[PDB]
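Residue strings, one per chain:
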Amino acid sequence: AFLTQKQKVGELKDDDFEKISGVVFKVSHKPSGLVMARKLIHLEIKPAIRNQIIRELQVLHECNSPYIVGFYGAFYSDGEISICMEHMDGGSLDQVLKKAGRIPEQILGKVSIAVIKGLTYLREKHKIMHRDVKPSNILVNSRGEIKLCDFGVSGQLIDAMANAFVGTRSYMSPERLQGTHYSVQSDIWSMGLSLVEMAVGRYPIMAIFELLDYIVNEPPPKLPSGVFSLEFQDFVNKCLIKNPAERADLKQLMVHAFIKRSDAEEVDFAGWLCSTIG
Amino acid sequence: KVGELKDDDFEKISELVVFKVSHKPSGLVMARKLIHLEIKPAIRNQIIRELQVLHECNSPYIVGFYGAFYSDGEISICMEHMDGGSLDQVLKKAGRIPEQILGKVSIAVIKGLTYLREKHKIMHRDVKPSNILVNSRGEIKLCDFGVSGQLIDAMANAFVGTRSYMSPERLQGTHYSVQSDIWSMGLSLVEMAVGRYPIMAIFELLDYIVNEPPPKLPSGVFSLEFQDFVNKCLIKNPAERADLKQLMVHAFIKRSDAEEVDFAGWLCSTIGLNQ
Amino acid sequence: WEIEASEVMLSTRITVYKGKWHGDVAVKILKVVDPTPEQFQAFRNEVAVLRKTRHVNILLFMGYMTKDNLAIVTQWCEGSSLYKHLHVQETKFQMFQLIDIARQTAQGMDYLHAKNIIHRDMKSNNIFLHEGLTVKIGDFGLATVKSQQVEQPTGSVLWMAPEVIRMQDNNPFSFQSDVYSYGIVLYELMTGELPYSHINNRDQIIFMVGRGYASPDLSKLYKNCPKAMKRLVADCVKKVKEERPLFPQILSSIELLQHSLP
Amino acid sequence: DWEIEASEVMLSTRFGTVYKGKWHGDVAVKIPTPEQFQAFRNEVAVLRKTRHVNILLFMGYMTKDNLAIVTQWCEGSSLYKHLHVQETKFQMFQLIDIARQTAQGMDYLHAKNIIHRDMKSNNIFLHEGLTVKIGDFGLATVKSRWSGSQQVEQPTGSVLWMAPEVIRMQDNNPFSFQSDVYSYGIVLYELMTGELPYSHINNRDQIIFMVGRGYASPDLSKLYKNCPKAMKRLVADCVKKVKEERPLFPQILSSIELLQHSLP
Ligand SMILES: CNS(=O)(=O)Nc1nccc(Cc2c(C)c3ccc(Oc4ncccc4F)cc3oc2=O)c1F
Ligand SMILES: CNS(=O)(=O)Nc1nccc(Cc2c(C)c3ccc(Oc4ncccc4F)cc3oc2=O)c1F
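The rules behind each value
Residues numbered from 1 in each chain as written, not as in the entry; some residues may be left out. Chains lettered and ligands numbered in written order. Heavy atoms only, no water. Pairing = 2+ DSSP bridges. Helix = DSSP H or I, 4+ residues; strand = E, 2+ residues; numbered from the N terminus. 1 Å grid on protein atoms, 1.4 Å probe; cavity = no way out; pocket = protein on both sides within 12 Å on 5 of 7 lines; lining within 4 Å. Points joined across faces, edges and corners; volume = space filled by probe spheres on them. Nonpolar A, V, L, I, M, F, W, Y, C, P; charged D, E, K, R; others polar. Near = heavy atom within 4 Å. Polar contact = N/O pair within 3.5 Å; in protein donor to acceptor, adjacent residues only side chain to side chain. Contact = heavy atoms within 4.5 Å. Buried area = accessible area lost by both parts, 1.4 Å probe. Salt bridge = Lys/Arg side-chain N within 4 Å of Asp/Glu carboxyl O.

The deposited coordinates for this entry were obtained by cryo-EM, with a reported resolution of 4.16 Å.

The name given to chain C in the PDB entry is GST26/CRAF chimera, with the source organism recorded as Homo sapiens.

Looking up chain B in the PDB entry gives the name Dual specificity mitogen-activated protein kinase kinase 1, with the organism given as Homo sapiens.

Draft legend 1. Here's a closer look at the sheet that holds strand β5 (residues 74–80) of chain B. All names here are of chain B. The strand order across the open sheet formed by five strands is β1-β2-β3-β5-β4, and the pairing between neighbours is antiparallel. In this open sheet, the two strands that pair with only one neighbour each are β1 (14–15) and β4 (65–71). Relative to β5, strand β3 (residues 29–36) runs antiparallel, the two being bridged by seven bridges. Bridging across to β5, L34 finds its partner in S76.

Draft legend 2. Examining empty space enclosed by the protein more closely. Residue and element names in this part refer to chain B. Space inside the largest cavity adds up to approximately 260 Å³. For the largest cavity, the lining is made up of 20 residues, of which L187, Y197, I209, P214 and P215 are closest to its centre. Going through the elements one at a time, α5 (178–194) and α6 (202–211) are the ones with two or more residues in the lining of the largest cavity. For the lining of the largest cavity, the element with the most residues is α5, which contributes five residues. When grouped by side-chain class, the residues that make up the lining of the largest cavity number 13 nonpolar, two polar and five charged. The computed volume of the second largest cavity comes to approximately 110 Å³.

Draft legend 3. Broad picture of the site of ligand 1. All names here are of chain A. Lining the immediate surroundings of ligand 1 are 20 residues, of which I83, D150, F151, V153 and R176 lie closest. The separation between a nitrogen atom of ligand 1 and a polar main-chain atom of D150 is 3.4 Å. Of all the secondary-structure elements, those providing two or more residues to the shell around ligand 1 are β4 (80–86) and α5 (155–160). Tallied by class, the residues present in the shell around ligand 1 amount to 12 nonpolar, four polar and four charged.

Draft legend 4. Inspection of the interface of chain C and chain A at higher detail. With 25 residues of chain C at the contact, the number on the chain A side is 25 residues. When the two sides are added together, the surface that chain C and chain A hide from each other amounts to roughly 2200 Å², 54% of it contributed by carbon and sulfur. Among the residues of chain C in contact with chain A, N200, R202 and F207 of chain C are the three that bury the most area, contributing 30% of the side total. One can count three salt bridges joining chain C with chain A. In this assembly, chain C and chain A are joined by eight residue pairs in polar contact. Mapped by element, the contributors of at least two residues to the side of chain C that touches chain A are α2 (82–88), α4 (162–166) and α6 (202–210) of chain C. Among the elements that line the side of chain C that touches chain A, the one with the most residues is α6 of chain C, at seven residues.

Have a look at this one:
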């Protein structure tokens with residue numbers, strides 16, 4: 001039903017938008033009355049680089065799924081790159097993590113189900129990897145769908161963004177940190193780190209080089225066995241294997257028992273978020 | 001005997017800006033005066049060409065000239081060294097100047113002006129006692145005169161010149177002649193006669209020159225014909241000022257020429273030198 | 001150095017504003033609605049360093065602002081940054097004036113070290129090529145006089161030193177960190193491309209430099225260059241801080257290689 | 001900024017011709033009696049305040065041994081050489097740019113309450129022939145509420161650029177903004193004509209009496225017919241014999257920017 005909403009919105013121009021509330025801002029189109037999310041990216045790069053980036057950015061039109069954030073368009077204005085997407089009113093899960101402190105386990109199960117289905121969809125249709133799986137890049141609405149966003153779709157834009165924000169927290173797999181072969185197992189590592197981070201609310205153990213050193217030379221932290229059932233620790237220790245050879249692939253995440261029993265549970269996310277806000 | 005002149009041929013001895021020098025192949029002592037000019041090159045070439053004019057300027061009352069050249073951005077003028085110094089230095093050392101020496105220097109400057117009139121048709125324009133020199137042998141020569149108008153135009157910027165002995169009629173741009181030099185000679189003779197300006201910014205001195213008459217010397221200190229001489233030299237009217245032929249028949253010049261004065265001996269006693 | 005608000009008119013915006021005050025001036029205004037006192041002491045340190053700098057190769061400080069939002073008044077540079085000349089527009093520079101740029105900015109950093117100033121943020125965006133011939137060094141917001149725990153680094157990771165990255169010392173910032181940053185500026189200056197261009201991961205670059213495995217590649221230096229220049233380039237990028245040469249020897253080497261042209 | 005240098009500078013030979021030194025690049029050096037000390041501390045006091053792109057950049061001072069002032073070494077020649085020695089064929093846009101740069105430097109100096117008192121084209125240097133540099137602040141001063149109490153000394157410079165009220169010296173302090181305005185007007189004359197004022201006069205005392213009595217002014221008919229009319233009006237009314245009628249420097253900058261933007 002969301003497809004026809006883009007159909008009644010034609011050309012998008014910077015003068016037709018207004019300030020409401022890189023950097024991310026919300027925008028609205030006044031006769032339509034819909035809400036759009038604008039991402040602003042600053043780059044000091046060549047004109048030909050900007051045009052091949054925008055030529056790689058059009059691909060997001062055919063990226064259509066209930067597990068992927070919808071897309072409107074992208075253009076150039078005032079020496080800046082503008083990315084227009086459809087707005088999640090619930091925000092990313094990082095902000096509601098700061099709001100609530102901890103998240104009930106079935107909600108993490110539903111998030112895990114959504115992200116693994118999104119990874120399967122992305123690897124089947126475009127054969128590309130996400131590269132940036134962290135709780136700031138995953139979004140929820142007031143309705144209940146959980147979608148991925150800001151994935152590595154444009155290699156030239158990745159080269160442009162390769163040097164910018166400093167990095168306070170890092171969720172990136174070791175095997176790409178040595179510079180070796182990386183695959184979807186990197187995104188699986190990042191997903192496991194994200195879920196344990198929202199499980200306990202803080203990193204359970206410094207400058208960024210110290211985190212890099214701790215990640216490369218030491219095994220990741222593990223949950224106590226006396227608190228939660230052993231199946232969830234089995235989930236996270238299959239997701240936190242250092243060597244990607246025996247680290248679990250998406251097929252035995254699909255036939256894993258915890259994902260099945262979380263799918264069997266009926267968790268109404270919209271009702272709990274409405275109880276959260278009021 | 002002196003041929004061409006170059007900067008490396010001169011050896012600095014003393015300062016009199018003026019540096020006392022000598023020419024090493026010849027061995028004679030000269031006086032070298034340096035002036036700084038920021039002037040176009042071809043103009044300085046013309047300055048050299050009509051500073052060659054002083055080759056024909058020879059007289060017992062005009063400072064002898066040897067050569068001129070340009071080096072290191074400085075115009076170099078060379079003249080005969082003449083050791084007794086100017087009347088300003090003699091005035092500072094001796095305090096007063098007696099009247100017979102005043103007659104002798106008046107005769108010297110008037111004969112020099114007549115020589116310049118009759119042989120070169122040019123004028124001095126800068127009569128002041130710093131520009132008249134005295135020799136140990138008693139001769140009184142003249143120098144530092146306006147031989148080439150481009151050099152006046154080039155030097156017409158910097159003068160220091162806290163005072164001015166300039167004629168009144170040359171302050172508003174009227175006709176000028178040797179009468180202005182006669183008037184400045186009158187101021188110089190009065191200046192040394194008493195040893196001071198006997199009466200303070202420079203514009204006030206020009207105001208003082210232009211608008212009210214010059215002072216008089218007292219009659220009790222000098223002979224009456226001396227005051228007659230100066231008051232004929234200090235007439236404001238350019239036409240009423242006596243010209244050179246009038247001063248050469250005045251009573252003071254014939255009594256001064258009739259006087260026999262040991263001027264050389266008195267100046268050597270003043271400077272205290274034994275050759 | 002007090003300037004009241006009503007004389008400075010904020011004409012155009014290119015954060016930074018092109019204003020008019022007794023001439024064209026560049027105004028660095030910090031538009032913060034809630035000024036914390038940390039930004040206050042940072043501003044005081046910045047202006048205290050800027051008052052001690054008076055050199056032709058340093059961007060000239062003129063005044064500051066106190067009320068409304070904090071602002072810094074400096075002269076308006078005409079032209080573009082060396083980053084914009086080198087990686088955005090690609091002006092075809094010739095060899096001579098590149099070594100002229102090198103010796104001029106080396107003179108600037110030598111004067112800063114003589115006046116006991118650590119720039120701490122030496123990179124390509126801080127190099128203004130003013131009318132194409134004169135270099136200016138600016139943005140001394142992180143400048144510090146030597147005389148405590150150092151603040152967290154915030155600049156780009158390319159120009160940092162390995163002992164800056166691993167930060168095992170309380171104050172790893174010194175002369176030699178600026179020397180290595182100048183060496184990286186020389187590296188991009190003689191080649192025209194950013195170092196480690198084959199790596200497109202920020203954390204990978206940070207870790208590979210911090211463990212000392214990665215190094216700049218001198219293979220893209222043309223072989224028609226004199227061997228003294230490539231020896232200098234190899235010497236200024238040396239990892240260990242105690243054998244990196246100081247700026248007077250760098251200037252001596254540059255003038256020695258400049259003198260030999262017939 | 002302040003503080004003393006050391007023997008890092010070199011002495012080559014123990015009004016000359018060159019006093020150039022070397023102290024982190026090319027620098028310019030200037031040169032125990034009390035009269036030198038008064039002017040020397042006045043120079044350092046006025047030079048600590050000057051930070052502008054049109055003003056010569058003071059670098060440091062030396063008090064030990066001989067008195068020295070170190071500043072940046074400009075590349076090029078003085079403006080006087082550019083007009084009266086080599087006769088460079090300047091175009092009109094360059095001359096108007098020179099005029100507006102000098103006006104902007106004066107506006108900065110007078111807004112920061114500084115009188116150099118001593119304009120001429122000798123003190124204006126063309127840095128690579130593009131950017132003006134105003135220097136030689138030996139006779140600079142700072143105005144104050146007690147500046148009228150002290151009696152000013154003789155300028156003893158060149159009479160072609162001084163004001164009639166300066167050369168008369170009837171007031172205790174004849175110097176003001178408008179004296180510098182008149183000197184800048186003579187500078188405008190030299191830019192727009194190319195020769196020294198009162199060329200038909202070859203006597204300095206003639207100039208002193210003929211100008212100090214208000215009987216002389218530079219000939220405005222020597223301006224070129226293709227000069228801007230507002231430029232002629234500006235150079236005409238900034239050389240007025242009345243002290244009060246001379247416009248201030250903000251008016252001069254406004255007129256110059258108006259005539260620059262007026263040209264198609
Ligand atoms: C740490 N790993 S890394 O070193 O590989 N760095 C990188 N990682 C991952 C990605 C990139 C670049 C990236 C960025 C950041 C990006 C952001 C927004 C975007 O819009 C939308 N996206 C999805 C849905 C709707 C949208 F509107 C497209 C984007 O596309 C991109 O390509 C990296 F540089
Ligand atoms: C202030 N009054 S003013 O305004 O009229 N200016 C001027 N007045 C008068 C003259 C000039 C120029 C001048 C000067 C000063 C001059 C000086 C020395 C000189 O050497 C010898 N002289 C005589 C004998 C032997 C020499 F080696 C020749 C000179 O020749 C000159 O032409 C002026 F500029």
